[PDB]
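In: Could you work out the structure for the sequence below:
(3 chains)
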Amino acid sequence: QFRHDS
Amino acid sequence: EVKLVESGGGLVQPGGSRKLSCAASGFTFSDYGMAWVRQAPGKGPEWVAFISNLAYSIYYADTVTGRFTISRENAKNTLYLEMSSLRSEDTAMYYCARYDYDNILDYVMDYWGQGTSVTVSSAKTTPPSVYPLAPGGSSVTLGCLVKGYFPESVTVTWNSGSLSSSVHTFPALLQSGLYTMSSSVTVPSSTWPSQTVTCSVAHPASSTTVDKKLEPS
Amino acid sequence: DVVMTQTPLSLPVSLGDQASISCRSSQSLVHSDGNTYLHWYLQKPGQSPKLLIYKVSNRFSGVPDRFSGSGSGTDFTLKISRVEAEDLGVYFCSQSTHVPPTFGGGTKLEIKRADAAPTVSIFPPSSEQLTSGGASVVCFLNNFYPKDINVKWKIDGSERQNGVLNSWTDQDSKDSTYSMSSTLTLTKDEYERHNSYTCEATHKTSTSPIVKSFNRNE
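Out: Numbering: from 1, shown residues only, chains lettered A, B, ... in the order given. Here you go:
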């Protein structure tokens, strides 16, 4: 549910 | 193949601390968010903390925030968990786990390490009291009660191991701060008390062995 | 948090049969991106959980064909189509749609066998423990099936629950039975206020309880 670092 | 190996577990007093590490290999570590997941005896897993792949996002479970700090160092392929103000309810297997992603969301913990064990207790190392269990039928059941020890490793051996297939070792349980278990053996009435039957109880941490002969009451 | 509710808690199955495990979330697991982030894990003794199925129905790498998942909204099912001995263990469902990610309580997959009534043995405290000032009454209930069993302690005909600790072995690897230890721990003083000590077991193998007793002054 967490935001990835692109 | 993906590999995760955690370390830094151990036994600490309540209010003590720990810094767990997790070494990662077989994938580009800096491409993946990572998590810590803990699991107490008998319980399901419980998520502890998460850190994004470049460490722009960090989140914590309600049960740990304030006390634990998650971090990573991408050039060492290592994830960290500093834990402080530890309480007995923090006792668990602690797993390192990789989060997979296909786009902008870390959506599933797909690879998990074997875990590192953290016990939080004020118990002193204490040798067990070994109590004979004899009947006070073709077959006869005997036992030994192994009461009030810490930490957990004990071994019960019957008749130097020759009696083994008729043995039940029951799992230890915590109470009054200490462990207690029991072991049963079942032999034919022809053999006991006609012949001798003895339980040997080894407690390695306290360096104790107690051999208890089973005497008819 | 999202509460994941698994049923059954324990699932006996015959090898070669089909097992079905269900999971129910307390909120919809449809993420705003349209995926349903519902996963199943399998945990074997002494090992970490291994992912079996992700996003409802995708088999993870190396998971054999006999594992199948389906469901929608809040109700989910995992099927094992022909259970093998390697599939025994604890299955968990998990959701990752909402922060925090949460896990079900688990479902233990276990072996089916013919019924077997327990062997019950009761033991008084030792003189050595009484010297130490405590009095444990022990009862073994060995080699029974199924695992469901209720043990009652009676002191002088009256039930007691304070001081009782119950311990279960895992399913035996050779006869698929269960065993259990029930220990009633009193002080020496409480032990000496009463005379009749009874271990009482009800198991589906009989309508009649198995009663085991001793009298302290004998």
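
In: which helix is the longest one in chain C?
Out: Counting by DSSP state H, the longest helix found in chain C is helix C:127-132.

In: host element of the nearest residue to residue C:71 once chain neighbours are set aside?
Out: Excluding the flanking residues, the one nearest residue C:71 by C-beta to C-beta, 6 or more residues apart in numbering or on different chains is residue C:77, at 5.3 Å. In short, each C-beta sits where N, CA and C put it, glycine included. Residue C:77 belongs to strand C:75-80 when assigned by DSSP states H and E.

In: C-terminal to the longest helix of chain C, which secondary structure element comes first?
Out: Counting by DSSP H and E, the element after helix C:127-132 in chain order, helix or strand, is strand C:134-144.

In: Who are the packing partners of the longest helix of chain C?
Out: Under the contact definition 3 or more C-beta pairs under 8 Å, 6 or more residues apart in numbering or on different chains; DSSP states H and E, helix C:127-132 sits against strand B:129-133.

In: what's downstream of the strand it packs on, the next helix or strand?
Out: strand B:139-149.

In: mind listing what that following strand pairs with, with the direction of each?
Out: strand B:129-133 (antiparallel), strand B:178-188 (antiparallel) (DSSP bridges).

In: Is residue B:103 in contact with residue A:3, as I believe?
Out: No. With contact defined as C-beta atoms under 8 Å, residue B:103 and residue A:3 do not form a contacting pair (10.7 Å).

In: Which one of those two is surrounded by more residues?
Out: residue A:3 (14 against 9; other C-beta atoms under 10 Å in any protein chain shown).

In: Identify the residue spatially nearest to the more buried one, adjacent ones excluded.
Out: Nearest residue to residue A:3 in three dimensions, chain neighbours excluded: residue B:57, at 5.2 Å (C-beta to C-beta, 6+ apart).

In: Pop the domain breakdown of the chain in here.
Out: As the question left the chain open, I've gone with chain B. Annotated domains of chain B cover B:1-123, B:124-217 [curated CATH domains].

In: wrong chain, I was asking about chain C
Out: Using curated CATH domains, chain C is parsed into the domains C:1-113, C:114-216.

In: how long is the last one from one end to the other?
Out: Across its full length, domain C:114-216 reaches 37 Å between end residues, using C-alpha to C-alpha, to the nearest Å.

In: The first one too?
Out: Terminal residues of domain C:1-113 lie 39 Å apart, using C-alpha to C-alpha.

In: Quick one: neighbours of residue 13, just the number.
Out: Chain wasn't specified; assuming chain B. 11.

In: my question was about chain C
Out: Number of residues near residue C:13 (other C-beta under 10 Å) recorded here: 17.

In: Bridged to it, which residues?
Out: For residue C:13, the beta-bridge partners are residue C:111 (DSSP bridges).

In: What parts of chain B come near chain A?
Out: Residues of chain B lying close to chain A by C-beta under 8 Å from any C-beta of the partner chain are B:33, B:50, B:52-57, B:59, B:99, B:101, B:103-107.

In: Filter these down to just the buried residues.
Out: Those of the residues of chain B next to chain A that meet the buried threshold are B:33, B:50, B:52-53, B:55, B:59, B:99, B:101, B:105-107, by 16 or more other C-beta atoms under 10 Å in any protein chain shown.

In: what about the nearest residue to residue B:166 once chain neighbours are set aside, how many residues close to it?
Out: Spatial nearest neighbour of residue B:166, excluding adjacent residues (C-beta to C-beta, 6+ apart): residue B:186 at 4.3 Å. By other C-beta under 10 Å, 20 other residues sit near residue B:186.

In: and residue B:186, what does it touch?
Out: B:139-142, B:166, C:119, C:142 (C-beta atoms under 8 Å, 6 or more residues apart in numbering or on different chains).

In: Also residue B:106?
Out: So residue B:106 contacts A:1-4, B:32-33, B:50, B:52, B:99-100 (C-beta under 8 Å, 6+ apart).

In: Can you flag which of those belong to strands?
Out: Judged by DSSP state E, strands contain the following of those: A:2-3, B:50, B:99-100.

In: So of those residues, which two are at opposite extremes in space?
Out: A:3 and B:100 (14.1 Å; C-beta to C-beta).

In: Give me the phi and psi angles of the residue nearest to residue C:96 when sequence neighbours are not counted.
Out: Leaving aside its chain neighbours, residue C:96 sits nearest to residue C:37 (4.1 Å; criterion: C-beta to C-beta, 6+ apart). Backbone torsions for residue C:37, taken as degrees, to the nearest 10, come to phi -90, psi 70.

In: swap in residue B:160?
Out: phi 60, psi 20.

In: State the distance from it to residue B:169.
Out: Distance from residue B:160 to residue B:169, counting by C-beta to C-beta, to the nearest Å: 16 Å.

In: of all of chain C, which residue lies closest to chain A?
Out: residue C:99 (4.7 Å; C-beta to the nearest C-beta).

In: what's near enough to touch that residue?
Out: The contact partners of residue C:99, taken as C-beta under 8 Å, 6+ apart, are A:1-2, B:59.

In: for residue B:112, same thing?
Out: So residue B:112 contacts B:4, B:37, B:95-98, C:48-50 (C-beta under 8 Å, 6+ apart).

In: hmm, 10 Å instead?
Out: Listed by C-beta atoms under 10 Å, 6 or more residues apart in numbering or on different chains, the contact partners of residue B:112 are B:2, B:4, B:6, B:35, B:37, B:45, B:95-98, C:41, C:43, C:47-51.
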